[PDB]
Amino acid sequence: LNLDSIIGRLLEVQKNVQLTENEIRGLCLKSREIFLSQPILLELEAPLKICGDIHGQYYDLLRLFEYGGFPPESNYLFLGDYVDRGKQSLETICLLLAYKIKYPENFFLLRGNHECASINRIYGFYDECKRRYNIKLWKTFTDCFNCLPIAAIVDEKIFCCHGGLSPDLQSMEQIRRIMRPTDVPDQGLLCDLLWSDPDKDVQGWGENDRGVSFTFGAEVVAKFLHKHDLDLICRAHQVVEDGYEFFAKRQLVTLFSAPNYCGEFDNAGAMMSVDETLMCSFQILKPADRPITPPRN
């Protein structure tokens, strides 16, 4: 398994990239062991860039790295949803897994609700695997997705996860004790961490139109940060018009990194840069596609 060769062929579209089935298998197998050798609740330090959903928009992932600096020039934390919907989920996850193997201490992937064999069975990734390779490769990705970490804390101040808060989340130790490999359950802590949404019109825990997990209001955010001495929740999971959106007086931020999501929205993508002093700023991926005096009459 030659990672420089693999990354080179993936970066050459800077259009499909033809990696071999065994190369892709090796990416899943080596990254899986690294995921299991690190905690399921990551403890990270700034500086780092944090990115939201990509959903197989491979050319936008390259734009993210051009803007933010290709690994290892910058440290990265991705918050999940790498596959499904977009046309190039395979290139997207293969490059992220390749970077994870190259720089396992400077490159980090969180599990999103689409890193799940029940969800990506129907939303595109299963079809992409079957079309370009076979079903057995899709099952290898599942074994690897089942070992992804699910949350991260940056300098004990920024709680990061794909979805959001959970009624079942009383202490960070309940995250740490979730054993891997695991599927995404229908309900409970792991499910909520990958599936829940904030909502300005909800007091407490509301219903979630996805049919999964809950919505949570601004007071839940404030209570969670106060109890755990956190300053910020950083999550993804929802397309937002400007690529990033504040909630609950900037105690929560939603990050979304796929511009013109699904080709249906005109949204921008954003990533958040956290520097060594925890000063946070946003880099925007614009959708890829005196004043002048009058003339004399």
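The first residue of the sequence shown is number 1, and the count goes up from there. For the two forms, the rigid core is made up of the largest set of C-alpha atoms that agree within 1.5 Å on superposition.
Between stretches 238-246 and 255-263, greater average Cα displacement in 6 other deposited structures of this protein relative to the shown form, fitted by the core, falls on 255-263. Gap check for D289 to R290: 10 or more deposited residues are absent from the model. Unmodelled residues of the deposited sequence between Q14 and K15: 4 to 9. Just going by the entry, 116-124 versus 190-198 on mean CA temperature factor gives the higher value to 116-124.
In this crystal structure, the stretch out of 69-77 and 128-136 whose C-alpha atoms carry the higher mean B factor is 128-136.
Sort the modelled residues of the chain by CA B factor and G56 lands in the middle third. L3 sits in the middle third of its chain by CA B factor, as recorded in the PDB entry. The entry lists a Cα temperature factor for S171 that places it in the highest third of the chain's modelled residues. Ranked within its chain, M179 lands in the highest third, by CA B factor from the PDB record. In this PDB entry, the Cα temperature factor of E45 sits in the top third of its chain's modelled residues, the highest group.
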